[PDB]
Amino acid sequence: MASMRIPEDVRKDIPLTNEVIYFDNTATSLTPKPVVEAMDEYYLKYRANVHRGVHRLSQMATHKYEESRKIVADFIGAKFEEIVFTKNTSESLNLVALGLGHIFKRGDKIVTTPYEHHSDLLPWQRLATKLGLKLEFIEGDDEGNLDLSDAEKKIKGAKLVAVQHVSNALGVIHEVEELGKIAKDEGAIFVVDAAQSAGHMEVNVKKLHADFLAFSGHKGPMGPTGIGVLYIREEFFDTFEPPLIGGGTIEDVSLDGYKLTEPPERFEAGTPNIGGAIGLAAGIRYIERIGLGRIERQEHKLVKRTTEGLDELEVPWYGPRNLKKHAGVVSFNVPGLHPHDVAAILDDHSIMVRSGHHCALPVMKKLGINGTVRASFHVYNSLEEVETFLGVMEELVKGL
C-alpha cells in the first residue's frame, strides 16, 4: 500500500474509464496499462517456453513464470507447489470433480448452496448422476442468506462441500469461515469458488479452511483472460488424480507406461499460459499496491449510494440489505421493462451493465424472476459515475 488517490490514480491507468462508465466488473474487470505492459515485455523481450531450457530467454521466461506462481501463492496465503494454473475458474472446478471422482462411493453425498454459478453446480450434478450420489442444497432466503443451522445439518455426513465465496448475481458474501470450520469439524472436503471475491477482498486459504480454491485472473485481480488458478492443499497431493496429463508432467516415459513428477508441474499439462500468469502477477501487484482494504471500502461506498438512490426511485434490488454481507454488485429490475431493455437504455448513455440470468438460473428461479440487471464495481469506479447512473435511471423511471 503506497498511499495514493482512489479512484483517480487507478483511472489514470485505464483508458476505457474516459470513454464509458463500466459497471460490468463481475463479468470481467477493466485492465490497467501496467498489466498489459508486463505481458508485452514477455512477448517482445523474453519470449520463450519454460521447463528450465538452457538458453537465456527460457531462463528469463522460466524465472518470471515461477515468480508469478509465488506471487499468486502469497496473494492467497498458500505454498508455491499448491498453485495450479488453468484457463479459468470453470476449468479449476471441473478439475476438482474429475480429479476426485474415484474417491466417491455410490450413495456418498455432496452439499452446495442453491445460489451457485453454473460452473459450481453442474460439475457436481454430472458427477452425482454418473456415480449415484446425493446432491443436497442448503436452505437460505431470497436475499441470499444461508441458513447456518441447516448448513451444520446438511454438511453432517458429506464427503465433499462446494460453496461460492460470493454470488455473481446477488452479491452475497457468504460466511465461508463458519462453513469451513463446519466442514473441517465434520471430516468433509471443502472446495471454495472465489471467482467474485478474488481481487475485491481478502481470500486466504488458511482462514477459509479450504482444501480446494478457484479463481479467475480476468475478474477482480485485473489480470488477463485465459488464466485461472486452482489451489490444491498439500494434504491432497496423493489423493488428487491429475485430470490433464502430457508434456511437462513426468520424470520418465516409455511405450510401456509413465511415472509422474512433483506438484505443481504434476497437474500442468503442456505449455502453460506463461503470458497470462505474468499478466496475473502484475495484476496482483497492482492490487496489493492499492490495497484490498481500500478496494473493499470504495466498493462498499458505491453500493451504499447505488442502493440508496434506487430506494429513492422506487426501484427494487436484490441480495443482502445488510451491506456488510454485500459485495460490489447490485442486481435490480425496473418494473415494466425487461433487463435487456434497461441495459440497452443504459448503454445508450455509455453506461455498461449486464442483463439476464448471469449463469445462475437457479437463483432467478428461487426469486421467481425472468432475469435481473446487474451493476458491479471495482476500485476505479467513482461516485460521479454512480450519480450519472442514478440520473439516467431517474429520467428512465419517470418516463414510465
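The first residue of the shown sequence is 1; numbering continues from there.
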| property | result |
| --- | --- |
| 185 to 193 versus 301 to 309 - which carries the larger mean C-alpha B factor in the record | 185 to 193 |
| Entry-level comparison of average CA B-factors, 77 to 85 and 253 to 261, reporting the higher stretch | 253 to 261 |
| Selection by C-alpha B-factor (highest) of 315, 158, 292, 330 | 158 |
| Residue with maximal Cα B-factor (values as given in the PDB entry) among 95, 138, 280, 201 | 138 |
| Position of residue 372 among the chain's modelled residues by C-alpha B-factor, lowest, middle or highest third | middle |
| Third of the chain, ranked by Cα B-factor, where residue 106 sits | highest |
| Where the record places residue 284 (Cα B-factor, split into thirds across the chain) | lowest |
| Residue 171, C-alpha B-factor rank within chain (lowest, middle or highest third) | middle |
| Chain thirds of CA B-factor: placement of residue 134 | highest |
